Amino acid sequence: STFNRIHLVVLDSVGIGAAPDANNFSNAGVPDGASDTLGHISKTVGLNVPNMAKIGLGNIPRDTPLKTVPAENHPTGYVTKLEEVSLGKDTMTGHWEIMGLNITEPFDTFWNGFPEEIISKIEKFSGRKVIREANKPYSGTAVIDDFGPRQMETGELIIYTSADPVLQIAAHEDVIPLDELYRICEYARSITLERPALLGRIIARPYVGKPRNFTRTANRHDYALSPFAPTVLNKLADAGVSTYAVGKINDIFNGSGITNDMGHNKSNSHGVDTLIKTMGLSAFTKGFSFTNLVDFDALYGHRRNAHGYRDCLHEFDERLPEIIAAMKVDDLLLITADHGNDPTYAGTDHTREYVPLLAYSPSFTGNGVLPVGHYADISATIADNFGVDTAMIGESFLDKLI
């Protein structure tokens, strides 16, 4: 194995400009072809990311340069941008492709709530009406505050969603028995396996308490889809190669091919702490770490907050030298994203964009820019490095790094 360890960090949603097929995707009816997460942030609120620029962020080919991220004539790493092949721009699709799958049946998202077929089906199975005013994207903690009292009186189901392909059912334990909530969720899981209702995850959300003061209970159950084919995580795990997960990674893959889940992040910074700790483990002598830093997407992209997005990027850039200081000489660091989420754009959804790829190792004997590639080339490079099979798609760029 050329690199003894590889650390892949996903800056969730950090796109670097509309993809060739961007107009096949949209935001509140507006096609994605004008989106440009990094570029639009830079030209509106500014963007100071000297540590990523030094690796070569400003060397990645673009029609027009990042306004405030200059090219670097003496870069320390290799950079390029990667194009998504899968027909979805959601988080699960992007990560699964980064690990080598080609998703041609993209998960459905429901900005206007679940269709009548799904709701009507669940209503008939459960014998309970669904509260239609709650069938829409909704803070899980606010929907319970808003319709909890009603549910306590009527026993109606509260079914809601998020920006993700997720269906959640909140049900007060006093009026809706756990056993029943689970059966309903299982039935729900069974009728959402194909488009136009393909759901990544069904979540039972039991809760207790009283009006204006509710508490979610540990009786939560999840019903998630695993990758439909072995990914490079499976290839590594099957070969006895360690796979460490940080952040949303375990959830996204439903644990498939993950030997060491380090758990959810409290925040990006707490995630970077956890990655640094993981890198320092005496047991972690060989293998792969896979970290998702989600704040860019959840707090800033979806909320169309460019100022905050900028700050979040700056704060990651400030911590990047800590990650690098913790690398062994024969470690490789890869930084990328899973789609865009342009905070200057119409809508409040992800945007179909190229994603940056930054590559760094102290053992590098060269630097510069790689040919533009595809998401799954990341998986193939990792597979190549550890001498395991590729999954569905992807081509290694390992030979360019050595």
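Start at 1 and count along the sequence shown; that's the residue number.
(request) State which stretch shows the higher mean Cα B factor in the entry: 61 to 69 or 32 to 40. (result) The deposited B-factors put 61 to 69 ahead on the C-alpha mean.
(message) Using only C-alpha atoms and the B-factors in the entry, which stretch averages higher, 323 to 331 or 171 to 179?
(response) So the stretch with the higher mean C-alpha B-factor is 171 to 179.
(message) Out of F253, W111, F316, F290, whose C-alpha atom has the biggest B factor in the entry?
(response) Across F253, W111, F316, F290, the entry lists the biggest C-alpha B-factor for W111.
(request) Using the entry's values, work out which of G148, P230, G88, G247 has the largest Cα B factor. (result) Answer for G148, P230, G88, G247: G148, with the highest C-alpha B-factor.
(message) Where does the C-alpha B-factor of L199 rank in its chain, lowest, middle or highest third?
(response) Middle third, going by the recorded CA B-factors of the chain.
(message) Looking at the temperature factor on the CA atom of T365, which third of the chain's modelled residues does it land in?
(response) Top third by C-alpha B-factor.
(request) Pull the Cα B-factor of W96 out of the PDB entry and bin it into the chain's lowest, middle or highest third. (result) For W96, the deposited C-alpha B-factor lands in the lowest third.
(message) Quick check for you: using the entry's CA B-factors within this chain, is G271 in the lowest, middle or highest third?
(response) Within its chain, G271 is a middle-third residue by C-alpha B-factor, going by the deposited values.
(request) Check where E84 lands among this chain's C-alpha B-factors and tell me if it's the lowest, middle or highest third. (result) Lowest third of the chain for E84's C-alpha B-factor.
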